[PDB]
Amino acid sequence: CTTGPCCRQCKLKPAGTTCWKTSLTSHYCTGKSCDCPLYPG
């Protein structure tokens, strides 16, 4: 999911980190005030 700020928008991850990404979902955010794409592609 990488609509925009993800954080809250395209970021439902279990609150990870900024531009982190695990390897299945992708945190790259946390939900709220982020700006990292949680979806490598």
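Sequential numbering of the sequence shown, starting at 1, is according to the deposited numbering. Backbone N, C-alpha and C fix where the C-beta goes; we use that ideal spot for every residue, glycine too.
- prompt: Between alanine 15 and the rest of its own chain, which residues show a CB-CB distance below 7 angstroms, the 5 nearest in sequence each way excluded?
  reply: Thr30 and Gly31, listed in sequence order.
- prompt: I think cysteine 10 touches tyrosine 28, with their Cβ atoms under 8 angstroms apart; what is that distance to the nearest whole Å?
  reply: Between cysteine 10 and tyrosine 28 the beta-carbon gap is near 10 angstroms, outside 8 angstroms, which marks them as no contact.
message: One question on the structure: do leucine 12 and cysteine 1 come within less than 9 angstroms of each other, judged by their Cβ atoms?
response: Yes, the pair counts as a contact, with Cβ atoms nearer than the cut-off.
message: Measuring alpha carbon to alpha carbon, tell me which residue in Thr17, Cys34 and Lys21 is nearest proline 40.
response: Of the candidates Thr17, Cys34 and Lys21, the one whose C-alpha sits nearest the C-alpha of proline 40 is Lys21.
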